[PDB]
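Below: the structure, in structure tokens.
FYI, it's all coordinate maths here, none of it is from the lab. Every residue, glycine among them, receives a Cβ derived from its backbone with ideal geometry; neighbour counts consider all protein chains shown.
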Amino acid sequence: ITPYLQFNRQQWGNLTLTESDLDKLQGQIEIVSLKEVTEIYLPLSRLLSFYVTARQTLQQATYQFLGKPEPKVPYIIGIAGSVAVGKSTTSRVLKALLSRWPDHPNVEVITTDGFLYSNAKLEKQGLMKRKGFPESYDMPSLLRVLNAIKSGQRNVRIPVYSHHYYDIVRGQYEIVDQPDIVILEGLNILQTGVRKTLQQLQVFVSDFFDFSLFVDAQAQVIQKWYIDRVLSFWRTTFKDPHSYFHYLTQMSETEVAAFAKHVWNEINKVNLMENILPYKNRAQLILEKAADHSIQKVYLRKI
Amino acid sequence: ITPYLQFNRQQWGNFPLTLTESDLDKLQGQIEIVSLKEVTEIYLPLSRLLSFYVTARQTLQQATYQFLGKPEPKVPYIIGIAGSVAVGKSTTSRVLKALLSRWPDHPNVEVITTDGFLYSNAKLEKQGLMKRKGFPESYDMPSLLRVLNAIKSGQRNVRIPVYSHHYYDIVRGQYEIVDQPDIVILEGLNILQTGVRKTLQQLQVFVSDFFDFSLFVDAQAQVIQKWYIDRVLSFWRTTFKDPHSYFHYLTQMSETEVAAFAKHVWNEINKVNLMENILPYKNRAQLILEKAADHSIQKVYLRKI
Ligand SMILES: Nc1ncnc2c1ncn2[C@@H]1O[C@H](COP(=O)(O)OP(=O)(O)O)[C@@H](O)[C@H]1O
Ligand SMILES: Nc1ncnc2c1ncn2[C@@H]1O[C@H](COP(=O)(O)OP(=O)(O)O)[C@@H](O)[C@H]1O
């Protein structure tokens with residue numbers, strides 16, 4: 001007994017990329033592969049479009065019925081999963097693909113790491129080894145942004161987090177202006193809030209989105225992707241003397257891998273097990289990845 | 001600003017929706033309580049609004065399953081109804097059950113009360129929780145989630161445990177049957193809440209993960225208090241006379257004494273529950289029906305889509 005439709009890869013294979021798709025997918029096709037974009041994310045994007053389009057139709061039928069002239073608000077798709085599981089990559093692929101459909105061409109990504117407390121604030125509270133954990137986020141700010149978007153507010157400012165500087169970038173904002181679809185990606189989007197008091201009003205990030213995807217893989221597999229991501233930066237980004245992690249460039253490859261493994265085991269893996277995984281089954285759609293990133297199983301809530 | 005469309009009564013009436021003899025028949029016992037006016041003006045169009053959501057989900061199911069190449073049938077659309085003790089959610093669910101069933105895309109409508117998933121008095125007593133009936137720790141949550149999970153898995157003939165307000169207890173060996181209807185109306189105090197984290201690592205799903213839409217019925221605490229006190233007084237004059245009623249000893253109290261008792265229970269039990277466990281989750285609802293003291297709906301909030 002299961003509340004999910006279940007597909008292996010062949011079953012998912014029961015639509016074609018245009019020059020336009022390839023262009024919007026630039027730099028991401030190399031990472032994800034033409035095969036995988038074609039066989040998985042393109043159909044995924046079509047499936048998600050059925051949902052977005054259904055919601056648009058409902059909005060129009062109900063607002064006509066209710067005699068409200070108010071315009072639609074965005075359909076928000078949540079992308080959750082461990083650090084390094086591929087949330088950002090998936091969000092970029094889907095942003096490019098979802099935008100090919102004429103009923104929802106305007107598609108934006110919001111990452112929740114923009115709502116991390118700054119290092120200075122984390123450092124003061126002794127939370128620097130807890131980035132990504134619930135207590136490391138400005139939740140009121142996140143909920144305020146999601147509330148704004150779902151209230152139809154124009155030109156909502158999104159704060160920005162630089163992985164390069166490992167910190168919030170003061171005075172830097174992306175603008176999300178009532179697009180058709182928001183892809184909200186983050187570690188923490190399926191979690192609930194901290195109850196300061198019993199009587200404090202409680203809403204969750206999920207109360208502001210319509211559909212969630214969880215990207216799953218085995219912990220040992222994600223570890224390797226994480227170490228490899230760190231290593232890739234070690235060979236490129238971290239050479240910048242202004243990079244937060246420039247000091248890793250003085251370490252040998254083996255030493256960066258060990259340090260990567262250490263950060264994985266004491267920070268991101270604990271976060272995964274304590275704060276991310278437990279909320280996996282709140283997702284409407286679970287993408288299960290093999291070690292090579294290929295999607296080998298999709299779960300989709302029955303409707 | 002606001003994630004809700006807002007309607008006063010005039011605006012709600014600015015929505016051909018005429019009660020039929022069949023509606024009238026299905027509403028028997030409820031029409032006398034809620035009144036023809038209120039049913040016609042609020043609940044009928046409310047049911048039509050909800051019909052849009054259910055039939056949309058049905059259409060989505062048909063289109064996506066065609067595209068996904070899946071032959072599995074739909075599962076039920078589940079509408080949550082939450083609110084304080086005595087705010088009128090049982091009344092609301094029965095009215096909506098009758099009205100929602102009039103549409104041929106979803107004539108099969110069932111109501112699940114969360115009361116049925118309360119622990120028995122004997123279990124509550126052992127754990128000292130008889131003063132906490134309706135609080136989260138008083139419910140068999142794994143049992144409720146198993147039932148919702150089963151419904152949302154397409155399972156046939158799901159057995160729902162039954163609570164008697166008369167006996168103030170679960171009725172042993174008694175089950176209602178929910179059998180893949182088109183709509184399940186899920187009513188109870190706790191449907192917008194979250195589970196307790198026994199451990200951090202424990203898998204977490206909420207009741208809300210098994211429903212599609214939720215209504216919260218709201219009113220001033222002082223107002224609900226009065227509805228509560230009247231409801232108990234009403235039973236004191238009728239149902240509690242039965243020597244096998246749980247609260248039969250209340251018949252020995254004066255009309256004023258039982259009122260004082262009812263006021264006490266509200267103040268120390270139900271109102272604390274409202275303030276601590278129900279009202280904090282009000283804003284999770286898609287639709288909030290706001291009642292005036294006479295029960296008439298004076299404001300409707302509906303999440304913007
Ligand atoms: N579908 C994929 N195919 C191949 N590599 C991928 C895929 N998704 C992610 N990656 C790689 O895995 C690592 C983690 O991806 P990322 O999207 O940065 O994860 P997250 O955003 O969850 O932290 C990156 O090095 C990325 O290049
Ligand atoms: N719409 C309404 N109009 C008039 N009376 C109502 C209405 N809704 C509920 N009531 C009355 O208020 C009291 C509480 O209703 P009930 O549905 O039993 O509350 P709940 O199920 O939330 O405990 C009952 O005495 C009921 O008759």
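Beta-bridge orientation, the protein assembly as shown: approximately 50 percent antiparallel, per DSSP, counting only bridges with both partners inside.
Here A:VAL145, A:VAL256 are placed in order of increasing Cβ neighbour count within 10 Å, fewest first, which gives A:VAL256, A:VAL145.
Projected area of the protein assembly as shown, taken from the Cα convex hull and averaged over every viewing direction, in nm²?
Averaging across all directions leaves 29.5 nm² for the Cα convex hull.
Centre-to-centre separation between the Cα atoms of segment A:93-132 and those of segment B:260-305: 35 Å.
Relative intensity of segment A:151-303 on a log10 scale, I(q)/I(0) at q = 0.10, 0.20 Å⁻¹, equals -0.51, -1.36, per a Debye sum over C-alpha point scatterers of equal strength in the absence of solvent.
Only Cα sites of segment B:1-157 enter the Debye sum here, all with the same form factor; the resulting log10 I(q)/I(0) across q = 0.14, 0.15 1/Å is -0.93, -1.02, listed in q order. Using only Cα coordinates, the Kirkwood hydrodynamic radius of segment B:188-246 works out to 15.3 Å.
For segment A:188-303, averaging the sequence separation of C-alpha pairs within contact (under 8 Å, six or more residues apart) and dividing by the residue count gives a relative contact order of 34 percent. In chain B, what % of DSSP beta bridges are antiparallel (nearest 5)? Antiparallel: roughly 50 percent of the beta bridges in chain B.
Ranked for footprinting exposure by Cβ neighbours inside 10 Å, fewest first, A:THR18, B:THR113 give A:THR18, B:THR113. Peptide A:57-67 shows a mean partner chain C-beta count of 6 within 10 Å per residue C-beta. Among the listed pairs A:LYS150/B:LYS133; A:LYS196/B:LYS133; B:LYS123/B:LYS152; B:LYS26/B:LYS263; A:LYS95/B:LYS282, those with a Cα-Cα distance over 31 Å are A:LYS150/B:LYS133; B:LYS26/B:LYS263; A:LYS95/B:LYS282.
Translational D (Stokes-Einstein, µm²/s) of segment B:134-216 at 4 °C and 1.567 mPa s when Rh comes from the Kirkwood sum over C-alpha pairs?
91
Neighbouring Cβ atoms from other chains, within 10 Å of the Cβ of residues in A:149-155, number 3 on average.
Other residues with beta-carbon under 11 Å from the beta-carbon of A:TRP234 carry, at +1 per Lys or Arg and -1 per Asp or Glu, a net charge of 0. Per the Debye calculation on chain A with a single equal scatterer at every Cα and no solvent contribution, log₁₀ I(q)/I(0) for q = 0.15 Å⁻¹ amounts to -1.35.
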